[PDB]
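# Residue-level structural notes
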Amino acid sequence: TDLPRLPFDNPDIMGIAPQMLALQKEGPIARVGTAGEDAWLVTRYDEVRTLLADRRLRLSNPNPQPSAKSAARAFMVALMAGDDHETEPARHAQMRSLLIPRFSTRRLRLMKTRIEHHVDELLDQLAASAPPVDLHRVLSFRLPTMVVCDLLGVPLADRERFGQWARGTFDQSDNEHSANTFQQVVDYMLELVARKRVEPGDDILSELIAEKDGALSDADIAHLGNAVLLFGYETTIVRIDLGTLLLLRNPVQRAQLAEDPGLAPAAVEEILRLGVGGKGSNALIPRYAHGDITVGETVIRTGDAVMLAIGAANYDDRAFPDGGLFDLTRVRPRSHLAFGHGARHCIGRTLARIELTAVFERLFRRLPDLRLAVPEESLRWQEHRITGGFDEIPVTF
Ligand code: HEM
């Protein structure tokens, strides 16, 4: 008997840690240690999907004496209206009600067109430069921050102001840096709300200001704006990097995609399914039990912490035959869990798919000789950030 301890080592830069796959083979749920409190780790697709849809499992901590969290995790939980278990039901419901209609079909159609032109322009600059080039800086970073500038109705140069703020806010290693960066986000967003009240446009904060019919406070609106800024670009950047790395590892599929850009939607779903980096701590969705829940023969008791391993579940052979293989020819693959599922299903997921599809429609057709300019093992997944990610991706072409 040796209690497994998260986070598990991964000898590769991508994929699932061997110990987590080992637990997955043994069964759906295991008690594990963590850096903080012990938790139930759930690793099989069926049980992770079921529990994500179970209303007894929530983000908020119901415990009287809550275990201390990093400033970074506290900020993330508060941006998600999970900081107070007694008000989470009403506050979370309001959050989703106010954010979901900010991603209308009308907006997403307009944004898809702008996104596609912008990727064309980004790749033209890339193709004209002299390798080695940092694909992370000049492509992966630039498209999702472009998109957030569009959503917020701010000049594109603003992303040079806010482009490191999700990383700094979600830096679990430095509480002081996390809090100081979050204060910058807050100040910026409160300035933006004040401007949009006299100079509105076709953008998210202007719509929230107009909502029913001006009843939201500036602080309420800025809180929603902060969630869009802090969840709305960094994770997408990470998936562009991961998708590039995965396609570089699979030259037959990459050549298929270069020949037929109509495979890009399929490629994007495989990228989301398989795109897990380093120790994959961001692919563990945290929850607390607000009532007793039975999983197989294991009883999760009220108050227990649960880690839902969406990454491991997306690799589950029970759900995806040859679960570790990248295959954009999969016929009717199950819906992956990389955007979550249930009450907190990612609000931006349709927009994120539009971004990834536009990139991977184009990338290897425009740059067919694209390849890493450094060994894979030199790429450093940033474990201390809640969102993970690589800091650079050197390429030649
Ligand atoms: C490939 C890109 C993305 C991935 C993989 C991703 C992933 C996720 C996941 C897994 C969750 C659920 C967390 C949980 O259940 O505790 C989530 C929540 C959320 N995401 Fe995304 N996300 C992406 C892009 C975006 C974008 C572009 C936006 C908006 C512009 C966005 C906005 C949100 C919001 C507001 C939430 C909170 C939902 C809630 O708590 O009800 N995300 N995201």
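Residues numbered from 1 in each chain as written, not as in the entry; some residues may be left out. Heavy atoms only, no water.

The record names X-ray crystallography as the way this model was obtained, at a resolution of 2.0000 Å.

## Some remarks on the pairing of strand 5 (residues 284–289)
Counting buried positions along strand 5 gives five out of six residues, so the element sits mostly inside the fold. Where strand 3 (residues 57–58) lies against strand 5, two bridges are found, and the strand directions are antiparallel. Bridging across to strand 5, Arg58 finds its partner in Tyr288. Pairing of strand 5 with strand 8 (residues 305–309) involves five bridges; the strand directions are antiparallel. Within strand 8, the position partnered with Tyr288 by the bridge is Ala305. (Buried < 20%, exposed > 50% of the residue type's maximum accessible area, 1.4 Å probe, protein only. Helix = DSSP H or I, 4+ residues; strand = E, 2+ residues; numbered from the N terminus. Pairing = 2+ DSSP bridges.)

## Remarks on the environment of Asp317
Residue position: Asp317 is located in the loop between helix 16 (310–314) and helix 17 (349–366). On the basis of relative accessible area, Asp317 is assigned to the exposed category, the value being 51%. C-alpha of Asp317 to C-alpha of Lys25: the two residues are 292 residues apart in sequence and 9.7 Å apart in space. Those residues in contact with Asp317 that lie beyond four places of it in its chain are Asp322, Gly323 and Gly324. (Contact = heavy atoms within 4.5 Å.)

## Concerning the packing of helix 14 (residues 251–259) against helix 17
At a closest axis distance of 8 Å, the pairing of helix 14 and helix 17 adopts a crossing angle of 100 degrees. By the angle between their directions, the pair helix 14 and helix 17 is classed as roughly perpendicular. Along its contact with helix 14, which presents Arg254, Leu257, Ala258 and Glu259, the element helix 17 presents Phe360, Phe364 and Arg365. Split by residue class, the contact of helix 14 with helix 17 holds four nonpolar, no polar and three charged. (Axes fitted to C-alpha atoms, helices over the stretch in contact; angles between N-to-C directions. Parallel < 35°, antiparallel > 145°, perpendicular 65-115°, else oblique. Nonpolar A, V, L, I, M, F, W, Y, C, P; charged D, E, K, R; others polar.)

## Points about helix 10 (residues 175–198)
One full turn of an α-helix is made of 3.6 residues, so residues set three or four places apart face in the same direction. Look at helix 10: 36 Å from first C-alpha to last across 24 residues, which is about the 34 Å you get at 1.5 Å a residue. Among the residues of helix 10, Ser178, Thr181, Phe182, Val185, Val186, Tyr188, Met189, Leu192, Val193 and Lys196 are the ones counted as buried. Looking at the buried positions of helix 10, the neighbouring elements they touch are helix 3 (71–79), helix 7 (142–152), helix 8 (159–162), helix 9 (165–169), helix 11 (204–210) and helix 12 (218–231). Its side-chain oxygen 3.3 Å from the backbone nitrogen of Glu176, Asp174 forms the N-cap of helix 10. (Expected span 1.5 Å × (residues − 1). Polar contact = N/O pair within 3.5 Å; in protein donor to acceptor, adjacent residues only side chain to side chain.)

## Concerning the packing of aromatic side chains
Following the criterion strictly, the structure yields seven aromatic pairs and no others. Pairing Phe162 with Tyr233 gives two aromatic rings, centres 5.7 Å apart and planes at 40 degrees, and the pair type is tilted. Taken as a pair, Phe162 in helix 8 and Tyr233 in the loop between helix 12 and helix 13 (234–249) lie far apart in primary sequence, 71 residues in all. Residue class for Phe162 comes out buried when judged on its relative accessible area of 0%. Consider the rings of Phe170 and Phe231, whose centres lie 6.1 Å apart with planes at 15 degrees: the pair is stacked. Of this pair, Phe170 sits in the loop between helix 9 and helix 10 while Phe231 sits in helix 12, placing them 61 residues apart in sequence. For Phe231, a relative accessible area of 29% corresponds to the partly exposed category. Cluster of aromatic residues (ring-pair linked, three or more members): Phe162, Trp165, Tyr188 and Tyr233. Lying over the aromatic face of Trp40, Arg31 brings its terminal NZ or CZ to 5.0 Å of the ring centre. Directly above the ring of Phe141 sits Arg137, whose terminal nitrogen or CZ lies 4.7 Å from the centroid. (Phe/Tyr/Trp six-rings, centres within 6.5 Å; stacked < 30°, edge-to-face > 60°. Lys NZ or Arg CZ within 6 Å of the ring centre and 35° of its normal.)

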